[PDB]
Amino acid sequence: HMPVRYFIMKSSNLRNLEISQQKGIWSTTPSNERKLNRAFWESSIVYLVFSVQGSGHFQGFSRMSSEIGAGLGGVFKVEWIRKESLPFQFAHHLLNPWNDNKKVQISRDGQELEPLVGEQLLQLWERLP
């Protein structure tokens, strides 16, 4: 099995993203829930890169740290690694071959990143003050 897997998480608003960064939880659509549960069980690390739609930024990335279970439906534990915002221009050069070689910023919720492209994306956060 792949040791590390990378997924794009897309949020509709900044408010819920910042609550996630404080509380260490998230939830996604039921379309993604079984894909993510199996990546959690099969891989050593599941990385989740977050972006609010229409924000022009990635608002950080986390590790998936529990399975997915109204009433906080589908909530699961996340461990935030970097919370700083990364502008899209810094990642313009990264295309995802698993999504027709479109830019990683162009992504529906739950899109998986090819692992070598994912790691280049996470390393971009070392370029931030």
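We number the residues from 1 along the sequence you see.
- According to the record, the deposited sequence contains 4 to 9 residues between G69 and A70 that were left without coordinates.
- Mean CA temperature factor is higher for 104-112 when stretches 19-27 and 104-112 are set side by side in the entry.
- The mean Cα B-factor in the deposited entry runs higher for 84-92 than for the other of 58-66 and 84-92.
- Residue-level temperature factors show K35 in the middle third of its chain, judged at the C-alpha atom.
- For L124, the recorded CA B-factor ranks within the highest third of the chain. Only modelled residues enter the ranking.
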